[PDB]
Number of protein chains: 2
Amino acid sequence: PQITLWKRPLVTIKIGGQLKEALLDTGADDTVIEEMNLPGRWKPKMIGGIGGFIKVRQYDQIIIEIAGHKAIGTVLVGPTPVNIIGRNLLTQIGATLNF
Amino acid sequence: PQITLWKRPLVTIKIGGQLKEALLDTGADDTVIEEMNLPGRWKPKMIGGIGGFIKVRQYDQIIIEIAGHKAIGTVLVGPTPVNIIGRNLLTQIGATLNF
Ligand SMILES: O=C(O)c1ccc2cc[nH]c2c1
């Protein structure tokens, strides 16, 4: 699809068999999803976030569906105020900026 | 142009007659530019950046060139480690996310 930026670029995602909405964020290196139960192994991590630093669970090789487009890659799970699709997954679905 | 996201989407900008580089950031509502002299009146805001909070000065009607494209809008000036072009300016240059 072609998504203009007149409002936040929010889309529907599927992750761990659950439908959520998420922000397509070209300024994020990584993908950060809200606290949820995920099938898969995780390792502990800390990342910078809104107003400070947060503990996250890093899940590698997660199947995630972004507006109908399949991606497999790293998802960070923790107390993010917004579900964020970062470049690690935007590259997998072939997302580009155009102007 | 059509910009892939394998690295951070950095472009050259021109603001206050100074050449800089900046991150095209679809996850940002606003534009945040590092400490610099803008010839205008301003109003103080706070923004929750990655790692903590900063105090910024809001400047309106700032003329800016982004990757060759002329835009006018609001810029927040403060101690940010990265120049951020947010949606308020990305809309002005006709930027879209495509996949
Ligand atoms: O999920 C947890 O219980 C947990 C505990 C500690 C850390 C440190 C980074 N991530 C964590 C997750």
Side-chain angles (χ1 to χ4, degrees), chain A residues 3 5-93 95 97, chain B residues 5-10 22-34 44-56 58 76 78-88 90 97 99:
Chain A
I3 297 171
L5 304 167
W6 293 113
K7 58 192 159 74
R8 290 174 291 152
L10 291 167
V11 295
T12 300
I13 61 162
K14 192 155 77 185
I15 186 170
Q18 289 144 85
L19 299 181
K20 288 172 182 300
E21 77 177 27
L23 184 70
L24 308 179
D25 188 349
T26 56
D29 307 338
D30 302 311
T31 295
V32 205
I33 300 309
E34 72 190 322
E35 194 58 69
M36 70 176 290
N37 229 40
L38 260 192
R41 295 285 207 258
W42 61 271
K43 60 183 160 160
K45 293 278 164 195
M46 287 210 83
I47 61 163
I50 308 300
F53 295 87
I54 49 158
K55 274 174 156 52
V56 290
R57 301 194 305 285
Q58 169 173 340
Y59 295 83
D60 285 345
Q61 306 161 37
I62 293 303
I63 297 158
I64 177 158
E65 205 181 286
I66 302 152
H69 295 249
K70 183 180 195 159
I72 307 176
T74 299
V75 170
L76 309 172
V77 179
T80 182
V82 58
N83 298 318
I84 290 155
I85 309 306
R87 299 186 294 103
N88 70 305
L89 300 183
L90 292 164
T91 56
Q92 290 307 116
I93 71 167
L97 284 160
Chain B
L5 297 165
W6 298 104
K7 51 168 158 98
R8 294 184 300 142
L10 295 167
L23 185 70
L24 306 176
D25 189 350
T26 63
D29 300 342
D30 306 317
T31 291
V32 192
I33 301 288
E34 69 194 346
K45 292 293 184 78
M46 284 211 89
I47 52 164
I50 298 293
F53 276 85
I54 68 171
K55 271 157 180 166
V56 295
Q58 179 172 328
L76 314 173
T80 170
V82 177
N83 301 323
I84 303 294
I85 315 293
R87 294 184 297 101
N88 74 299
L90 302 172
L97 267 168
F99 61 97

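Naming convention: chains lettered A, B, ... in sequence-line order (proteins, then strands); numbering from 1 in each chain.
- The NZ atom of A:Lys70 sits 5.5 Å away from the CD1 atom of A:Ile63 when rounded to the nearest 0.5 Å.
- The CD1 atom of A:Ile66 lies 5.0 Å from the CD1 atom of A:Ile85; values are rounded to the nearest 0.5 Å.
- In this structure, CG in B:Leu5 is found 10.5 Å from CG in A:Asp25, a value given to the nearest 0.5 Å.
- Listed by chain and residue number, A:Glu35, A:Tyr59 satisfy the side chain to side chain donor-acceptor pair (under 3.5 Å) test with A:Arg57 (two or more places apart in sequence, or in another chain).
- In this structure, A:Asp60 has no salt bridge (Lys or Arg N to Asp or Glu O under 4.0 Å) partners at least two apart in sequence or on a different chain.
- Take A:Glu34 and apply the salt bridge (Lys or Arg N to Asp or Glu O under 4.0 Å) test, not counting sequence neighbours, and it matches A:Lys20.
- Using a 4.5 Å heavy-atom threshold, the side chains of B:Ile47 and B:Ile54 count as touching.
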Using residues 8-17 of chain A as the side-chain source, report each donor-acceptor pair under 3.5 Å to any protein atom, sequence neighbours left out, with the distance given to one decimal.
none

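- Between A:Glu65 atom CD and A:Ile93 atom CD1 the span is 10.5 Å, to the nearest 0.5 Å.
- Nearest approach of B:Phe53 to B:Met46, heavy atoms of both residues: CB-CE, 3.8 Å.
- Every residue was checked against the side chain to side chain donor-acceptor pair (under 3.5 Å) condition with B:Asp30, not counting sequence neighbours, and none meets it.
- Put simply, the side chain of B:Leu97 reaches to within 4.5 Å of the side chain of A:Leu97, judged on heavy atoms.
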Where do A:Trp42 and A:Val56 land on the side chain to side chain contact (heavy atoms under 4.5 Å, CB included) test, with the steps shown first?
-> CA-CA 9 Å; A:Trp42 61 271; A:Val56 290; over 6 Å; no
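- The nearest pair of heavy atoms linking A:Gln92 to A:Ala71 is CB-CB, 4.0 Å.
- Considering CD of A:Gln18 and CD1 of A:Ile33, their distance stands at 11.0 Å, rounded to 0.5 Å.
- Between the CG atom of A:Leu89 and the CD1 atom of A:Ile64 there is a distance of 5.5 Å, given to the nearest 0.5 Å.
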Apply the test side chain to side chain contact (heavy atoms under 4.5 Å, CB included) to residues B:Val82 and B:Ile84: give CA-CA distance (whole Å), side-chain angles for both, the deciding distance (0.1 Å), then the verdict.
-> CA-CA 6 Å; B:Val82 177; B:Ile84 303 294; 3.8 Å; yes
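- A donor-acceptor pair under 3.5 Å is absent between the side-chain atoms of A:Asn88 and the main chain of A:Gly73, judged by distance alone.
- The salt bridge (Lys or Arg N to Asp or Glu O under 4.0 Å) check on B:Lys45 picks up nothing, with sequence neighbours excluded.
- Here the shortest heavy-atom pairing between A:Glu21 and A:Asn83 reads O-ND2, 3.1 Å.
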